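Trainee: Okay, handing you the structure first.
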Ligand SMILES: Cc1n[nH]cc1-c1ccccc1
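Shown next, in the form of C-alpha cells:
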C-alpha cells in the first residue's frame, strides 16, 4: 500500500528530524578531486572517501557568505531535511560536518551529470523519455509532501542522472518543513508559481506547478515562459496564457493545462484526490508506478560509464582553494549544523 | 520559431535561484 509505505517512511523521518545526525565526518577523510558545480554561497566537488574508496559529491558552503545572503535558516533546513530523508530519487546525505570557515554536506555521487546538460545538448526529450523522468519526480514529491516538506527549486539543473539512468533530485537549499502556508520569495524565475510572484502565502501546490514547467521543458526543449529578463518572464507566468508545440500530444497538453493552472482549486496535485489526479491521468497510463520506484523500468538513456571518479558528464569549473580560517566564523548561527 | 527565440535568448545556460 502507498498509504502504508508513507506511514512507515514518516516514522523513519520523524526520528531523524527530531534528533539530527551531526559531525559525522571530517574534511581530511576525503580526497578532493574536482568541482562539479557552482552556486551563490557554495560549490559541489567530487571527493573520495579514503577509508572506503567511495566517491561522493561534497557541497561546501562558506558560512560568512551564507550569512550575507540571508540563507542561515534555509541552510539549516537543507541539512536537517537531507539527513532525515531516504528515498531512491534524492541524493542521499552520507555525512555532514563543519569547520571554522565552511559547512559540508556529503551526498552520493551521480556520475551521469545534470539533466540540464543532456536536455540542452539533445534539444528535447521524447514523451516516453520525459514521462520516465516525470514519474520519478511525481513519486519524490509524493514522498516529500507527505512529510510536510516543500521542495521549491525543481529544474533540470537540480536533477542528476545516476549510472542506471535514473534521477536524483539534489539541492535542498530552499526546502522547508511547513504545515500550512509560507511566504518566502525563492526559486528560479522560469519555474515560479503565480502565487509566489504575487506575494501570496503559498503551499506545496507550487511544486506541482513547477512539475508542469519541467515536463513542458523536457518535452519542448524550452520552458513555457521565457524572456531575456526575469520581469518579462513573470508578466508571462501571471498572464494566464500558455502555448504548446504542435508536436505535443493531446494527453500532454491536458496534463500541462491542469498543472500549469493559476487557479489553486483546479490545479492538479492540490485537489481533493491530491497526487492520484496526476498518477491516474492518461499521459501516465503506461507507467508502472511500483516498477519505477523499484528501478525495474529500463532507462531510455544510460550514461557512459568510464569508471569510478569519472566526471566527463559534468562541465569544467574554475577550481578554488578550500581555505579554513584559524578563527571560528559564525559559530552561533550554525550551532545546530 | 520559438526554438530559435529561446536559443537566441540569454537564458539557455544554467539558471540561478532568486531571493528577496
Ligand atoms: C550531490 C551530487 N551528487 N552527484 C552530483 C551532485 C551535484 C550536485 C550539484 C551540482 C553538481 C553535482
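Protein chains in written order, with the entry's author numbering: chain A, 14 to 350; chain I, 5 to 24. Heads up, the beta-carbon is just placed ideally off N, CA and C, and yes, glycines get one too.
#1: Taking 8 angstroms as the limit between beta carbons, can you name the residues of its chain near residue 273/A, skipping five residues before and five after?
#2: If distances are taken between C-alpha atoms only, which option among 168/A, 287/A, 37/A comes closest to residue 110/A?
#3: Return yes when the Cβ of residue 118/A is within less than 9 angstroms of the Cβ of residue 129/A, no when it is not.
#4: Find out if the Cβ-Cβ distance for the pair residue 23/I, residue 199/A is shorter than 9 angstroms.
#5: Are residue 313/A and residue 158/A touching if we call contact CB-CB under 9 angstroms?
#6: Which residues are close to ligand 1, meaning CB closer than 5 angstroms to any heavy atom, in chain order?
#7: Secondary structure at residue 73/A, three-state DSSP: helix, strand or coil?
#8: Can you find the residues in the same chain that come closer than 7 angstroms, C-beta to C-beta, to residue 54/A, ignoring five residues on each side of it along the sequence?
#9: Which full runs of the beta strand (DSSP E) of 3+ residues lie inside the stretch 87-175 of chain A, going along the chain?
#10: Touching or not, the stretch 317-337 of chain A and the stretch 58-75 of chain A, by the rule of three or more beta carbon pairs under 8 angstroms?
#11: Should residue 32/A be labelled buried (16 or more other beta-carbon atoms within 10 Å of its own) or exposed?
#12: 9 angstroms is my cut-off, CB to CB: does residue 199/A come that close to chain I?
#13: Which one of 127/A, 163/A, 149/A has the shortest CA to CA distance from residue 95/A?
#14: Look up residue 44/A in the DSSP assignment and say whether it is helix, strand or coil.
#15: Comparing C-alpha positions only, which one of 318/A, 301/A, 57/A sits nearest to residue 183/A?
#16: Just the chain I side, please: which residues come within less than 8 angstroms of residue 170/A by C-beta, in chain order?
#17: According to DSSP, simplified to helix, strand and coil, what is residue 306/A?
#18: Based on Cα-Cα distance, which residue from 219/A, 295/A, 125/A lies nearest to residue 264/A?
#19: Quick test of your reading: residue 327/A and residue 126/A, contact by CB under 8 angstroms. State the CB separation rounded to the nearest angstrom.
#20: To the nearest angstrom, how far is the alpha carbon of residue 59/A from that of residue 103/A?
#21: Could you give the first and the last residue of the continuous alpha helix (DSSP H) run that contains residue 231/A?
#22: So, are the CB atoms of residue 166/A and residue 204/A less than 9 angstroms apart?
#23: Is there at least one Cβ from chain I nearer than 9 angstroms to residue 167/A's Cβ?
#24: Just grab the DSSP bridge partners of residue 67/A for me.
#25: Starting from residue 210/A and walking both ways along the beta strand (DSSP E), at which residues does that stretch end?
#26: How is the beta strand (DSSP E) around residue 180/A delimited, first residue to last?
#27: What whole-angstrom Cβ distance do residue 300/A and residue 144/A have, given they're in contact under 8 angstroms?
#28: With 9 angstroms as the threshold, decide whether the Cβ of residue 84/A is near any Cβ in chain I.
#29: Got a sec? Which residues, its chain only, sit under 8 angstroms from residue 99/A by beta carbon, not counting five neighbours each side?
#30: From residue 62/A to residue 149/A, what does the alpha carbon distance come to, in whole angstroms?
#31: Mapping DSSP to helix, strand and coil, what is residue 204/A?
Mentor: So, from the listed chains and residues:
#1: 222, 225, 226, 229, 237, 255
#2: 37/A
#3: no
#4: yes
#5: no
#6: 49/A, 50/A, 57/A, 70/A, 104/A, 120/A, 122/A, 123/A, 173/A, 183/A
#7: strand
#8: 74, 75, 78, 79, 82, 84
#9: 106-111, 115-121, 172-174
#10: yes
#11: exposed
#12: yes
#13: 163/A
#14: strand
#15: 57/A
#16: 18, 19
#17: helix
#18: 295/A
#19: 5 angstroms
#20: 17 angstroms
#21: 218-233
#22: yes
#23: no
#24: 62/A
#25: First-last for residue 210/A: 207-210, but that is the alpha helix (DSSP H), not the beta strand (DSSP E).
#26: 180-182
#27: 7 angstroms
#28: yes
#29: 22, 25, 26, 105
#30: 29 angstroms
#31: helix
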